[PDB]
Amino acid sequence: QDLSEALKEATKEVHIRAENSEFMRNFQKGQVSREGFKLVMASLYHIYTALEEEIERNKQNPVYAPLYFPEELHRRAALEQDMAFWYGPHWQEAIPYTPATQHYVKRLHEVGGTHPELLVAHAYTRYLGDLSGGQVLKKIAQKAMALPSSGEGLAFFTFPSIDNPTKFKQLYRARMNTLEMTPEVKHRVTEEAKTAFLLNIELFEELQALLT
């Protein structure tokens, strides 16, 4: 069984749960506020900053290297534009750093520093979702908040070096399936993908509480 299929199948139940967190349910319905949207985007800024520091640390490591696509996929620079948009020119001092975000970041550096063979789990959970459902979420955010089609405020959701998110996804999956893989590694990659999903759920649970 191919890793990209093993992952999708191992995470479908928790994906359904993540979609049905209160925050994402509200989001899906068009009810996101500016405050709530800013909180989630500032959190992703920290998350992707950590993920991408660790992708760089491990770019030459064969347990990750086939998924090294910084130009196409990396989100940090995009999130920086979005922070300047939502929080202003001194965004670096304004943006929050919530404990649930700190928890996700911590685990990202553990994986990247000490278990890099699991990094694929974390890149899968974030990037493949961003290339799929993230596109749906973009439209909803756009309509809810009157964000222009020219893309300001939603750089995160825009992939200017990928023509077609579905074709890229297929490439990325085909490259996932070329990673060296024993049952040990595969079994733990899929466990870690489930933890990645949980760290996202816990962020959303925390954000919802902060907002209400």
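Superpose the two forms; the largest set of C-alphas matching within 1.5 Å is the rigid core. Residue positions are given as counts along the sequence shown, with the first one as 1.
> Which stretch is less alike in 9 other deposited structures of this protein, 92-100 or 131-139, counting RMS CA distance after the rigid core is superposed?
Replying inline: The more displaced stretch in 9 other deposited structures of this protein turns out to be 131-139.
> Quick one: with the core lined up, is it 144-152 or 53-61 that wanders further in 9 other deposited structures of this protein, going by C-alpha RMS?
Replying inline: Per-stretch check in 9 other deposited structures of this protein: the more divergent one is 144-152.
> Quick one: higher average CA temperature factor, 91-99 or 118-126?
Replying inline: 91-99 has the higher mean C-alpha B-factor.
> Given the B-factors recorded for C-alpha atoms, which segment has the greater mean, 19-27 or 189-197?
Replying inline: Looking at the record's C-alpha B-factors, the answer is 19-27.
>> Comparing recorded Cα B-factors across 69, 156, 48, 168, which one is largest?
In response: It is 168.
>> How does the C-alpha B factor of residue 55 compare with the rest of the chain: lowest, middle or highest third?
In response: As the PDB entry reports it, the C-alpha B-factor of residue 55 lands in the lowest third of its chain.
>> Per the entry's values, where does residue 32 land by CA temperature factor relative to the rest of its chain, in the lowest, middle or highest third?
In response: Its C-alpha B-factor, which the entry lists for residue 32, ranks in the highest third among residues of this chain.
>> Splitting the chain's C-alpha B-factors into thirds, which one does residue 181 fall into?
In response: Within its chain, residue 181 is a highest-third residue by C-alpha B-factor, going by the deposited values.
> What third of the chain, by the recorded C-alpha B-factor, contains residue 162?
Replying inline: According to the entry, residue 162 has a C-alpha B-factor in the chain's highest third.
>> Please say which third, lowest, middle or highest, residue 150 falls into when its CA temperature factor is compared across its chain.
In response: According to the entry, residue 150 has a C-alpha B-factor in the chain's highest third.
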